[PDB]
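Note: the block below is query.tsv and it holds TSV, C-alpha atoms and all ligand atoms.
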```
chain	number	residue	atom	x	y	z
A	29	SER	CA	65.45	6.19	204.78
A	30	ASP	CA	65.66	9.49	202.88
A	31	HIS	CA	61.85	9.64	202.84
A	32	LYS	CA	61.65	9.12	206.61
A	33	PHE	CA	64.03	11.93	207.58
A	34	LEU	CA	62.72	14.33	204.93
A	35	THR	CA	59.17	13.82	206.21
A	36	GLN	CA	60.48	14.33	209.75
A	37	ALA	CA	61.92	17.68	208.66
A	38	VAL	CA	58.52	18.53	207.15
A	39	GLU	CA	56.90	17.63	210.47
A	40	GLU	CA	59.40	19.92	212.20
A	41	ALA	CA	58.38	22.75	209.87
A	42	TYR	CA	54.70	22.25	210.73
A	43	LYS	CA	55.44	21.98	214.47
A	44	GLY	CA	57.60	25.10	214.49
A	45	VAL	CA	55.15	27.29	212.63
A	46	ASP	CA	52.32	26.01	214.84
A	47	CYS	CA	54.06	26.83	218.12
A	48	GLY	CA	55.25	30.19	216.75
A	49	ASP	CA	58.98	29.49	216.87
A	50	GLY	CA	59.42	30.66	213.29
A	51	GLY	CA	58.56	30.05	209.67
A	52	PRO	CA	57.55	26.65	208.25
A	53	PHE	CA	61.07	25.27	207.79
A	54	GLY	CA	62.55	22.12	209.28
A	55	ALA	CA	65.93	20.41	209.28
A	56	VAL	CA	67.09	17.00	210.53
A	57	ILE	CA	70.74	15.95	210.89
A	58	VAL	CA	71.33	12.19	210.88
A	59	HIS	CA	74.36	10.03	211.67
A	60	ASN	CA	74.05	6.67	209.89
A	61	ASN	CA	70.28	6.24	210.48
A	62	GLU	CA	70.60	7.84	213.95
A	63	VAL	CA	68.93	11.22	214.47
A	64	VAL	CA	71.40	13.68	215.99
A	65	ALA	CA	69.26	16.84	215.87
A	66	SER	CA	65.68	17.60	214.82
A	67	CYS	CA	64.94	21.33	214.64
A	68	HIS	CA	62.89	24.00	212.90
A	69	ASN	CA	63.24	27.73	212.26
A	70	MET	CA	63.69	29.51	215.61
A	71	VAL	CA	64.08	33.09	214.35
A	72	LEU	CA	61.07	34.45	216.25
A	73	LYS	CA	61.65	32.45	219.45
A	74	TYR	CA	65.37	33.27	219.65
A	75	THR	CA	65.16	36.84	218.26
A	76	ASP	CA	67.86	35.63	215.88
A	77	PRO	CA	67.63	36.09	212.08
A	78	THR	CA	70.39	33.49	211.66
A	79	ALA	CA	68.34	30.86	213.52
A	80	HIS	CA	67.04	29.11	210.42
A	81	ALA	CA	66.21	25.42	210.77
A	82	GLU	CA	69.46	24.27	209.15
A	83	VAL	CA	71.68	26.55	211.25
A	84	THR	CA	69.85	25.56	214.44
A	85	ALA	CA	70.25	21.87	213.61
A	86	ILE	CA	73.97	22.37	212.90
A	87	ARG	CA	74.48	24.19	216.21
A	88	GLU	CA	72.62	21.57	218.24
A	89	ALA	CA	74.29	18.62	216.50
A	90	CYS	CA	77.75	20.13	216.96
A	91	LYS	CA	77.13	20.74	220.66
A	92	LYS	CA	75.70	17.23	221.13
A	93	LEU	CA	78.63	15.57	219.35
A	94	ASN	CA	81.32	17.78	220.99
A	95	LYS	CA	82.83	18.59	217.59
A	96	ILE	CA	82.59	21.41	215.06
A	97	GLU	CA	82.53	19.07	212.04
A	98	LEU	CA	79.74	16.72	210.99
A	99	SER	CA	81.63	14.70	208.37
A	100	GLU	CA	79.73	11.50	209.19
A	101	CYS	CA	76.35	13.27	209.15
A	102	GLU	CA	73.76	14.18	206.54
A	103	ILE	CA	71.21	17.01	206.68
A	104	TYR	CA	67.58	16.85	205.55
A	105	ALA	CA	65.99	20.24	204.88
A	106	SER	CA	62.25	20.62	204.33
A	107	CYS	CA	63.00	23.54	201.98
A	108	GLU	CA	65.97	24.38	199.75
A	109	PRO	CA	68.65	25.95	201.99
A	110	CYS	CA	69.23	29.68	201.67
A	111	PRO	CA	72.70	31.14	200.93
A	112	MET	CA	73.40	31.57	204.66
A	113	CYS	CA	72.34	28.02	205.49
A	114	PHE	CA	74.15	26.52	202.51
A	115	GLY	CA	77.30	28.30	203.67
A	116	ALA	CA	76.75	26.97	207.19
A	117	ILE	CA	76.32	23.46	205.74
A	118	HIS	CA	79.60	23.87	203.86
A	119	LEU	CA	81.41	25.06	206.99
A	120	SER	CA	79.95	22.19	209.06
A	121	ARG	CA	81.55	19.58	206.74
A	122	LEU	CA	78.22	17.76	206.42
A	123	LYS	CA	78.70	15.12	203.74
A	124	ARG	CA	75.24	15.14	202.12
A	125	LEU	CA	72.16	17.36	201.83
A	126	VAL	CA	68.64	16.27	200.91
A	127	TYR	CA	66.04	19.01	200.52
A	128	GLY	CA	62.35	18.67	199.77
A	129	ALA	CA	60.84	21.81	198.27
A	130	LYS	CA	62.36	24.27	195.82
A	131	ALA	CA	62.87	27.80	197.12
A	132	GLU	CA	60.12	28.92	194.73
A	133	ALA	CA	57.54	27.11	196.88
A	134	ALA	CA	58.50	29.38	199.79
A	135	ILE	CA	58.73	32.46	197.56
A	136	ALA	CA	55.17	31.80	196.35
A	137	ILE	CA	53.70	32.68	199.76
A	138	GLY	CA	55.84	35.79	200.33
A	139	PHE	CA	59.36	34.76	201.37
A	140	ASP	CA	62.36	36.54	199.89
A	141	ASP	CA	63.91	35.38	196.60
A	142	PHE	CA	67.04	34.55	198.60
A	143	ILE	CA	68.58	31.62	196.70
A	144	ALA	CA	72.07	30.12	197.00
A	145	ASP	CA	74.11	30.31	193.80
A	146	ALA	CA	76.43	27.54	195.01
A	147	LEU	CA	73.53	25.12	195.50
A	148	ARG	CA	72.19	25.72	191.98
A	149	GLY	CA	75.66	25.87	190.41
A	150	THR	CA	75.38	29.47	189.18
A	151	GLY	CA	78.38	31.02	190.93
A	152	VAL	CA	81.76	32.34	189.82
A	153	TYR	CA	83.62	32.11	193.15
A	154	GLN	CA	81.60	29.72	195.35
A	155	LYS	CA	81.13	26.07	194.39
A	156	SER	CA	79.77	23.21	196.50
A	157	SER	CA	81.73	20.34	197.95
A	158	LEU	CA	78.47	18.73	198.92
A	159	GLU	CA	76.52	15.82	197.54
A	160	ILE	CA	73.13	17.45	196.96
A	161	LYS	CA	69.96	15.42	196.37
A	162	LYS	CA	66.78	17.22	195.40
A	163	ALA	CA	63.88	15.05	196.52
A	164	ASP	CA	61.37	13.71	194.00
A	165	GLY	CA	58.05	11.90	194.17
A	166	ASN	CA	55.99	11.71	197.33
A	167	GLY	CA	58.52	13.35	199.65
A	168	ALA	CA	58.90	16.28	197.27
A	169	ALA	CA	55.11	16.63	197.05
A	170	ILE	CA	54.71	16.71	200.84
A	171	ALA	CA	57.50	19.26	201.28
A	172	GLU	CA	56.18	21.47	198.47
A	173	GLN	CA	52.64	21.52	199.87
A	174	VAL	CA	53.90	22.69	203.29
A	175	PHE	CA	53.76	26.37	202.32
A	176	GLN	CA	50.27	26.50	200.81
A	177	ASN	CA	49.00	24.46	203.76
A	178	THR	CA	50.40	26.95	206.28
A	179	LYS	CA	48.89	29.89	204.40
A	180	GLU	CA	45.52	28.12	204.45
A	181	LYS	CA	45.79	27.55	208.20
A	182	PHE	CA	46.25	31.26	208.96
A	183	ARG	CA	44.00	32.65	206.17
A	184	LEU	CA	41.10	33.73	208.38
A	185	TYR	CA	43.28	34.80	211.33
B	29	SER	CA	84.39	56.97	211.61
B	30	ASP	CA	84.98	53.96	209.36
B	31	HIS	CA	88.60	53.55	210.44
B	32	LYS	CA	87.72	53.57	214.15
B	33	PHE	CA	85.16	50.76	213.91
B	34	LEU	CA	87.26	48.74	211.45
B	35	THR	CA	90.18	49.05	213.88
B	36	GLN	CA	87.90	47.83	216.67
B	37	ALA	CA	86.97	44.81	214.54
B	38	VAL	CA	90.68	44.11	213.97
B	39	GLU	CA	91.25	44.39	217.73
B	40	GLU	CA	88.44	41.89	218.28
B	41	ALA	CA	90.16	39.49	215.87
B	42	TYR	CA	93.42	39.78	217.82
B	43	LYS	CA	91.61	39.35	221.16
B	44	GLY	CA	89.79	36.26	219.94
B	45	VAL	CA	93.02	34.64	218.76
B	46	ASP	CA	94.65	35.47	222.10
B	47	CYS	CA	91.68	34.01	224.01
B	48	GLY	CA	91.53	30.76	222.05
B	49	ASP	CA	87.94	31.61	221.11
B	50	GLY	CA	88.55	31.05	217.39
B	51	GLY	CA	90.26	32.46	214.34
B	52	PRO	CA	91.52	35.99	213.67
B	53	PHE	CA	88.19	37.54	212.69
B	54	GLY	CA	86.26	40.41	214.24
B	55	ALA	CA	82.98	42.19	213.59
B	56	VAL	CA	81.51	45.41	214.99
B	57	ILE	CA	77.87	46.43	214.47
B	58	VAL	CA	77.15	50.15	214.87
B	59	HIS	CA	73.93	52.18	215.08
B	60	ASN	CA	74.43	55.89	214.37
B	61	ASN	CA	77.99	55.99	215.79
B	62	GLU	CA	76.98	53.87	218.82
B	63	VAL	CA	78.55	50.43	219.01
B	64	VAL	CA	75.76	47.86	219.23
B	65	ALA	CA	77.95	44.74	219.13
B	66	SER	CA	81.68	43.97	219.15
B	67	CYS	CA	82.53	40.32	218.59
B	68	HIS	CA	85.14	37.91	217.29
B	69	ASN	CA	85.05	34.37	215.95
B	70	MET	CA	83.70	31.98	218.60
B	71	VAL	CA	83.87	28.67	216.70
B	72	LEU	CA	86.25	26.96	219.12
B	73	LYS	CA	84.70	28.28	222.34
B	74	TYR	CA	81.10	27.46	221.38
B	75	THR	CA	81.87	24.30	219.36
B	76	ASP	CA	79.80	26.01	216.67
B	77	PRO	CA	81.06	26.25	213.06
B	78	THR	CA	78.41	28.91	212.39
B	79	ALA	CA	79.78	31.15	215.17
B	80	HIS	CA	81.83	33.34	212.85
B	81	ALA	CA	82.54	36.90	213.96
B	82	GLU	CA	79.81	38.40	211.77
B	83	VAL	CA	77.13	35.88	212.77
B	84	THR	CA	78.03	36.27	216.45
B	85	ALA	CA	77.82	40.05	216.12
B	86	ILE	CA	74.43	39.85	214.40
B	87	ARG	CA	73.11	37.56	217.15
B	88	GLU	CA	74.33	39.88	219.90
B	89	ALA	CA	73.06	43.05	218.22
B	90	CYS	CA	69.64	41.48	217.64
B	91	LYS	CA	69.46	40.42	221.28
B	92	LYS	CA	70.53	43.86	222.53
B	93	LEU	CA	68.10	45.74	220.26
B	94	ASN	CA	65.56	42.90	220.73
B	95	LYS	CA	64.69	42.85	217.03
B	96	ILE	CA	65.50	40.50	214.16
B	97	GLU	CA	66.31	43.26	211.64
B	98	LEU	CA	69.09	45.84	211.78
B	99	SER	CA	67.93	48.13	208.99
B	100	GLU	CA	69.63	51.27	210.35
B	101	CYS	CA	72.83	49.51	211.49
B	102	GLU	CA	76.19	49.05	209.79
B	103	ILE	CA	78.69	46.20	210.11
B	104	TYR	CA	82.49	46.38	210.05
B	105	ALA	CA	84.29	43.09	209.37
B	106	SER	CA	88.04	42.69	209.79
B	107	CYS	CA	87.97	40.25	206.85
B	108	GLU	CA	85.70	39.84	203.83
B	109	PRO	CA	82.58	37.95	205.03
B	110	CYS	CA	82.17	34.38	203.79
B	111	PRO	CA	79.03	33.15	201.96
B	112	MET	CA	77.35	32.20	205.25
B	113	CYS	CA	78.10	35.52	206.94
B	114	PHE	CA	77.14	37.56	203.89
B	115	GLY	CA	73.86	35.64	203.77
B	116	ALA	CA	73.33	36.46	207.44
B	117	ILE	CA	74.09	40.12	206.70
B	118	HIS	CA	71.49	39.94	203.93
B	119	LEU	CA	68.89	38.39	206.24
B	120	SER	CA	69.54	40.90	209.05
B	121	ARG	CA	68.98	43.72	206.52
B	122	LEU	CA	72.14	45.57	207.58
B	123	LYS	CA	72.35	48.64	205.36
B	124	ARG	CA	76.14	48.89	205.03
B	125	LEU	CA	79.17	46.60	205.26
B	126	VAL	CA	82.75	47.86	205.52
B	127	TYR	CA	85.39	45.13	205.41
B	128	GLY	CA	89.14	45.34	205.79
B	129	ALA	CA	91.00	42.40	204.26
B	130	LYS	CA	90.18	40.48	201.10
B	131	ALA	CA	89.33	36.81	201.60
B	132	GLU	CA	92.60	35.81	199.91
B	133	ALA	CA	94.47	37.08	202.98
B	134	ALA	CA	92.72	34.42	205.08
B	135	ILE	CA	92.96	31.77	202.36
B	136	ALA	CA	96.74	32.28	202.18
B	137	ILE	CA	97.21	30.97	205.74
B	138	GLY	CA	95.03	27.85	205.45
B	139	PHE	CA	91.35	28.81	205.40
B	140	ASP	CA	88.87	27.52	202.82
B	141	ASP	CA	88.60	29.08	199.39
B	142	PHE	CA	85.03	30.00	200.40
B	143	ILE	CA	84.08	33.30	198.75
B	144	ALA	CA	80.68	35.02	198.48
B	145	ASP	CA	79.68	35.79	194.89
B	146	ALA	CA	76.99	38.26	196.00
B	147	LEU	CA	79.59	40.34	197.84
B	148	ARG	CA	81.98	40.58	194.88
B	149	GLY	CA	79.17	41.33	192.43
B	150	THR	CA	78.99	37.93	190.71
B	151	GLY	CA	75.82	36.65	192.37
B	152	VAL	CA	72.92	35.62	190.14
B	153	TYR	CA	70.33	34.01	192.42
B	154	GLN	CA	71.51	36.00	195.46
B	155	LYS	CA	70.84	39.71	194.90
B	156	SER	CA	72.26	41.91	197.66
B	157	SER	CA	71.45	45.63	197.69
B	158	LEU	CA	73.42	46.79	200.74
B	159	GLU	CA	76.29	49.23	200.38
B	160	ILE	CA	79.69	47.51	200.45
B	161	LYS	CA	83.02	49.26	201.05
B	162	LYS	CA	86.38	47.51	200.85
B	163	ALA	CA	88.88	49.32	203.05
B	164	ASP	CA	91.83	51.24	201.61
B	165	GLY	CA	95.10	52.60	202.93
B	166	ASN	CA	95.77	52.18	206.64
B	167	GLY	CA	92.61	50.15	207.24
B	168	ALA	CA	93.50	47.64	204.54
B	169	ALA	CA	97.06	47.57	205.89
B	170	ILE	CA	96.09	46.66	209.45
B	171	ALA	CA	93.37	44.22	208.33
B	172	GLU	CA	95.80	42.36	206.06
B	173	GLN	CA	98.51	42.45	208.74
B	174	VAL	CA	96.13	40.58	211.05
B	175	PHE	CA	96.83	37.36	209.17
B	176	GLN	CA	100.61	37.79	209.12
B	177	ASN	CA	100.69	38.52	212.86
B	178	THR	CA	98.41	35.63	213.89
B	179	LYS	CA	100.03	32.87	211.82
B	180	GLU	CA	100.72	29.71	213.85
B	181	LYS	CA	98.89	31.11	216.91
B	182	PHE	CA	95.47	29.45	216.53
B	183	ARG	CA	93.91	26.18	215.39
B	184	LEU	CA	92.42	26.23	211.90
B	185	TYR	CA	88.81	25.17	211.38
C	1	LIG	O1	83.28	35.56	207.42
C	1	LIG	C1	83.98	34.90	208.13
C	1	LIG	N1	83.93	35.09	209.56
C	1	LIG	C2	84.78	34.29	210.40
C	1	LIG	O2	84.74	34.43	211.58
C	1	LIG	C3	85.72	33.25	209.78
C	1	LIG	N2	86.58	32.41	210.34
C	1	LIG	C4	87.18	31.70	209.35
C	1	LIG	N3	86.68	32.12	208.17
C	1	LIG	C5	87.08	31.59	206.86
C	1	LIG	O3	87.99	32.50	206.28
C	1	LIG	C6	87.88	32.42	204.83
C	1	LIG	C7	87.73	33.81	204.26
C	1	LIG	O4	86.41	34.31	204.43
C	1	LIG	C8	86.73	31.46	204.54
C	1	LIG	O5	87.25	30.16	204.28
C	1	LIG	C9	85.95	31.44	205.85
C	1	LIG	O6	85.20	30.26	206.08
C	1	LIG	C10	85.77	33.08	208.42
C	1	LIG	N4	84.89	33.91	207.54
C	2	ZN	ZN	68.50	29.55	205.63
C	3	ZN	ZN	81.70	33.81	207.86
```
Rewrite the coordinates I just gave you, this time as structure tokens.
Ligand SMILES: O=c1[nH]c(=O)c2ncn([C@@H]3O[C@H](CO)[C@@H](O)[C@H]3O)c2[nH]1
Ligand SMILES: [Zn+2]
Ligand SMILES: [Zn+2]
Amino acid sequence: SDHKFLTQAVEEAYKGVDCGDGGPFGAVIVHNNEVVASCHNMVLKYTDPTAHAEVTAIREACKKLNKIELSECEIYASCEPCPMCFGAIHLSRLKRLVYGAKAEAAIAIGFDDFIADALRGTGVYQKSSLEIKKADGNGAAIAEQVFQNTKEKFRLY
Amino acid sequence: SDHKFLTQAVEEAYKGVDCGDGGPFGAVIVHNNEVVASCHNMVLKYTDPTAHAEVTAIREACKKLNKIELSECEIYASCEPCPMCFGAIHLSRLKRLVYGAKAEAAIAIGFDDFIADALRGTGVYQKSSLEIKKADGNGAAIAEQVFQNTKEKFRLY
């Protein structure tokens, strides 16, 4: 089922960058095969630099479930969560994170080299509680190609 | 000027605890001596674990200035911002952060050992360039006293 929800997050990234809500980033929060929230980056729509896909999904899932913790839930991110979003994932008590593309795939088309030390295990103070799965194979390929596809779409604009 | 806005952030922390909005944390965003946002933790009121004082303040300042970057603004946090909030401060491009109490003051009364490497200078993948001032003297005194005064008066999260 990992493939299904990761590809749904990828679809959310495409949808969000097509409708102009924000950058090509998606996030899906699931509760035992049940989709709780399916969101993308809403920074431009909300005029909110904290409205990344992961943060938006956390907010919507927490409001839908009437609780500030998502201990029974897992999050699927189309792209490797940033430091802010990884911190939000920690605070949300999500029990597992699956992300598709490395941050370098986003950096390749002009996004900031804003990478979470706690996700990559390079910190002194911050460590991760979280089970972190980096996607491989076909899901990883789809997620990685997201960014070059979006650049192609808007090339002649 | 630093002491005034840090004191206002401390006051926001106290007000938020008294309201039941969240924990004893405040944040004030300033543009050239004008207060752009004055917020406290809203986790309990919004059912939103991302609604820390700093994130709430960034949201409100961005909505008031109707822009997603706060390049000429400064932020005053009653307590050392967590990894999430420091990532949000990074993304909002705030040029200066003044914080009152070290994170250990909050950790000592039950909060997560959840510390931002990039703030303390131990980040590797997260490279922050904003100016960071840790309060001294009376500011540090009142900011630390926040956590002694608010013990047992709010629900942890
Ligand atoms: O930056 C923060 N803003 C808050 O509102 C807040 N509320 C609680 N905490 C927790 O306090 C500790 C010290 O930063 C960390 O465990 C935070 O998650 C907060 N950190
Ligand atoms: Zn993010
Ligand atoms: Zn925080």
At most 10 Å to chain B: residues in chain A, only C-alpha atoms, as JSON, numbers by chain: {"A": [71, 72, 74, 75, 76, 77, 78, 79, 83, 84, 86, 87, 88, 89, 90, 91, 92, 93, 94, 95, 96, 97, 98, 110, 111, 112, 113, 114, 115, 116, 117, 118, 119, 120, 121, 140, 141, 142, 143, 144, 145, 146, 147, 148, 149, 150, 151, 152, 153, 154, 155, 156]}
Pick from A:123, A:73, A:68, A:162, whichever lies nearest to ligand ZN 2 (chain C) using all atoms listed in the file: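 Comparing A:123, A:73, A:68, A:162 against ligand ZN 2 (chain C), the winner is A:68.
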Over every C-alpha pair, in sequence order, do a least-squares fit of chain A onto chain B and save the fitted chain as a short mmCIF file (atom, residue, chain, number, x, y, z; two decimals) with C-alpha atoms, in the coordinates of the input.
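Dumped to selection-v2.cif:
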```
data_model
loop_
_atom_site.label_atom_id
_atom_site.label_comp_id
_atom_site.auth_asym_id
_atom_site.auth_seq_id
_atom_site.Cartn_x
_atom_site.Cartn_y
_atom_site.Cartn_z
CA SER A 29 84.94 56.71 212.07
CA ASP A 30 85.19 53.81 209.61
CA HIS A 31 88.84 53.36 210.60
CA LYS A 32 87.96 53.21 214.31
CA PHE A 33 85.32 50.48 214.03
CA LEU A 34 87.26 48.47 211.45
CA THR A 35 90.30 48.45 213.74
CA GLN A 36 88.01 47.46 216.62
CA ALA A 37 86.84 44.48 214.56
CA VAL A 38 90.51 43.62 213.93
CA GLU A 39 91.13 43.80 217.67
CA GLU A 40 88.16 41.46 218.18
CA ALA A 41 89.73 39.00 215.74
CA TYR A 42 93.01 39.04 217.67
CA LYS A 43 91.23 38.73 221.04
CA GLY A 44 89.06 35.84 219.87
CA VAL A 45 91.88 33.80 218.39
CA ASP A 46 93.99 34.45 221.50
CA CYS A 47 91.35 33.23 223.95
CA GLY A 48 90.50 30.26 221.70
CA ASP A 49 86.92 31.24 220.91
CA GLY A 50 87.50 30.74 217.19
CA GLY A 51 89.38 31.88 214.14
CA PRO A 52 90.87 35.38 213.72
CA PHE A 53 87.67 37.10 212.56
CA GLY A 54 85.93 40.06 214.14
CA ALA A 55 82.74 42.02 213.52
CA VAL A 56 81.38 45.26 215.01
CA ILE A 57 77.81 46.53 214.53
CA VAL A 58 77.37 50.27 215.06
CA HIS A 59 74.31 52.51 215.36
CA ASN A 60 75.22 56.09 214.40
CA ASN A 61 78.67 56.10 216.09
CA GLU A 62 77.32 53.96 218.97
CA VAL A 63 78.66 50.41 219.29
CA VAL A 64 75.78 47.95 219.57
CA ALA A 65 77.76 44.68 219.47
CA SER A 66 81.47 43.82 219.33
CA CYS A 67 82.11 40.13 218.67
CA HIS A 68 84.50 37.63 217.10
CA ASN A 69 84.23 34.11 215.71
CA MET A 70 82.78 31.83 218.40
CA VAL A 71 82.66 28.56 216.44
CA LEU A 72 84.94 26.65 218.81
CA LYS A 73 83.53 28.12 222.04
CA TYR A 74 79.88 27.59 221.04
CA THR A 75 80.38 24.30 219.12
CA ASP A 76 78.52 26.12 216.35
CA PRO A 77 79.82 26.29 212.75
CA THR A 78 77.38 29.15 212.07
CA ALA A 79 78.89 31.24 214.89
CA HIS A 80 81.08 33.38 212.66
CA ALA A 81 81.89 36.87 213.91
CA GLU A 82 79.28 38.55 211.69
CA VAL A 83 76.48 36.14 212.63
CA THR A 84 77.34 36.42 216.33
CA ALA A 85 77.31 40.21 216.12
CA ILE A 86 73.94 40.15 214.32
CA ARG A 87 72.44 37.84 216.96
CA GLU A 88 73.72 39.92 219.88
CA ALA A 89 72.71 43.25 218.33
CA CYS A 90 69.22 41.98 217.51
CA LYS A 91 68.73 40.70 221.06
CA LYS A 92 70.07 43.94 222.56
CA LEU A 93 67.83 46.12 220.37
CA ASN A 94 64.72 43.89 220.75
CA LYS A 95 64.23 43.80 216.98
CA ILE A 96 65.10 41.44 214.14
CA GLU A 97 66.10 44.25 211.75
CA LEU A 98 69.15 46.51 211.97
CA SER A 99 68.16 49.09 209.36
CA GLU A 100 69.84 51.94 211.26
CA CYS A 101 73.03 49.92 211.83
CA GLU A 102 76.24 49.26 209.92
CA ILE A 103 78.55 46.24 210.23
CA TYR A 104 82.35 46.29 210.21
CA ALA A 105 83.96 42.95 209.39
CA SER A 106 87.69 42.35 209.84
CA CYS A 107 87.56 39.95 206.87
CA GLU A 108 85.34 39.75 203.79
CA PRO A 109 82.08 38.05 204.86
CA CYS A 110 81.50 34.49 203.70
CA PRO A 111 78.35 33.47 201.76
CA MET A 112 76.59 32.47 205.00
CA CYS A 113 77.47 35.73 206.74
CA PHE A 114 76.65 37.86 203.71
CA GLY A 115 73.24 36.18 203.59
CA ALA A 116 72.79 36.84 207.31
CA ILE A 117 73.73 40.50 206.72
CA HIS A 118 71.12 40.69 203.96
CA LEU A 119 68.45 39.14 206.18
CA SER A 120 69.34 41.48 209.07
CA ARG A 121 68.56 44.57 206.93
CA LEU A 122 71.89 46.14 207.90
CA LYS A 123 72.29 49.22 205.73
CA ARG A 124 76.07 49.19 205.17
CA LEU A 125 79.03 46.81 205.34
CA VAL A 126 82.70 47.74 205.65
CA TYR A 127 85.21 44.90 205.50
CA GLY A 128 88.97 45.05 205.88
CA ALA A 129 90.75 42.10 204.30
CA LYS A 130 89.93 40.23 201.11
CA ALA A 131 88.96 36.58 201.53
CA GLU A 132 92.25 35.66 199.84
CA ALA A 133 94.15 36.86 202.92
CA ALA A 134 92.32 34.21 204.97
CA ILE A 135 92.65 31.59 202.23
CA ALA A 136 96.42 32.15 202.21
CA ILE A 137 96.82 30.58 205.66
CA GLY A 138 94.51 27.61 205.02
CA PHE A 139 90.87 28.73 205.21
CA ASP A 140 88.37 27.49 202.65
CA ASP A 141 87.88 29.32 199.34
CA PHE A 142 84.33 30.05 200.51
CA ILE A 143 83.50 33.38 198.83
CA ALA A 144 80.12 35.09 198.42
CA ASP A 145 79.09 35.62 194.81
CA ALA A 146 76.60 38.33 195.82
CA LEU A 147 79.31 40.38 197.54
CA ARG A 148 81.59 40.28 194.48
CA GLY A 149 78.72 40.68 192.01
CA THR A 150 79.23 37.34 190.26
CA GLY A 151 75.81 35.77 190.78
CA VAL A 152 72.85 34.94 188.55
CA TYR A 153 70.12 34.75 191.21
CA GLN A 154 71.49 36.56 194.29
CA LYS A 155 72.33 40.27 194.20
CA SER A 156 73.11 42.60 197.10
CA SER A 157 70.90 45.34 198.46
CA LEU A 158 73.79 46.48 200.58
CA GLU A 159 76.15 49.41 200.37
CA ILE A 160 79.51 47.63 200.46
CA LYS A 161 82.77 49.46 201.17
CA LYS A 162 86.04 47.59 200.80
CA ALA A 163 88.56 49.29 203.07
CA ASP A 164 91.73 50.82 201.65
CA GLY A 165 94.92 52.30 203.07
CA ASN A 166 95.98 51.77 206.66
CA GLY A 167 92.84 49.98 207.83
CA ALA A 168 93.07 47.54 204.93
CA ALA A 169 96.75 46.92 205.72
CA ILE A 170 96.03 46.16 209.38
CA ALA A 171 93.16 43.81 208.55
CA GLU A 172 95.16 42.01 205.85
CA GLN A 173 98.15 41.43 208.15
CA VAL A 174 95.92 39.80 210.80
CA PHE A 175 96.22 36.34 209.24
CA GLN A 176 99.99 36.18 208.76
CA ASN A 177 100.41 37.58 212.28
CA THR A 178 98.27 34.82 213.80
CA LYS A 179 100.17 32.13 211.90
CA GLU A 180 103.43 33.58 213.21
CA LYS A 181 102.11 33.52 216.78
CA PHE A 182 101.33 29.79 216.67
CA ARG A 183 104.25 28.71 214.41
CA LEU A 184 106.35 27.03 217.10
CA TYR A 185 103.38 25.66 219.07
#
```
Residues near residue 54 (chain A), cut-off 7 Å, all atoms listed in the file, skip fewer than 2 positions along chain, as a list in words: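 Listed by chain and then number, they are residues 37, 38, 40, 41, 52, 56, 67, 68, 69, 81, 105 and 106 of chain A.
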Neighbours of region 168-178 of chain B within 6 Å (all atoms listed in the file; same-chain residues fewer than 4 positions away dropped), as a PDB file with C-alpha atoms, keeping the file's coordinate frame?
```pdb
ATOM      1  CA  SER B 106      88.040  42.690 209.790  1.00  0.00           C
ATOM      2  CA  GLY B 128      89.140  45.340 205.790  1.00  0.00           C
ATOM      3  CA  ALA B 129      91.000  42.400 204.260  1.00  0.00           C
ATOM      4  CA  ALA B 163      88.880  49.320 203.050  1.00  0.00           C
ATOM      5  CA  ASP B 164      91.830  51.240 201.610  1.00  0.00           C
TER       6      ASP B 164
END
```
Residues within 12 Å of (74.4, 8.0, 211.9), file coords, all atoms listed in the file, listed as a ChimeraX atom specification: /A:29,33,56-65,89,93,98-103,122-123
Axis-aligned box for all listed atoms of ligand LIG 1 (chain C), 3 Å per side, centre and edges in Å to one decimal, as AutoDock Vina command-line options:
```
--center_x 85.6 --center_y 32.9 --center_z 207.9 --size_x 10.7 --size_y 11.4 --size_z 13.3
```
Nearest candidate to ligand ZN 3 (chain C) (options B:51, B:109, B:44, B:167; using only C-alpha atoms and all ligand atoms):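 Closest candidate: B:109.
For the set B:107, B:136, B:125, B:160, the residue with the smallest atom-to-atom gap to ligand ZN 3 (chain C) is B:107, counting only C-alpha atoms and all ligand atoms.
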Point-to-point distance from CA of residue 43 (chain A) to CA of residue 181 (chain A), Å rounded to tenths: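 So the answer is 12.8 Å.
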Which residue of B:66, B:35, B:47, B:131 approaches ligand ZN 3 (chain C) most closely, using all atoms listed in the file: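 Closest candidate: B:131.
Interatomic distance, CA of residue 104 (chain B) to CA of residue 82 (chain A): 25.7 Å.
Proximity ranking of B:165, B:137, B:183, B:108 relative to ligand LIG 1 (chain C) places B:108 first, based on all atoms listed in the file.
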Straight-line distance linking CA of residue 70 (chain B) with atom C4 of ligand LIG 1 (chain C), stated in Å to one decimal: 9.9 Å
Minimum-distance residue to ligand ZN 3 (chain C), chosen among B:124, B:134, B:34, B:45 (using only C-alpha atoms and all ligand atoms):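 The shortest atom-to-atom distance to ligand ZN 3 (chain C) comes from B:134.
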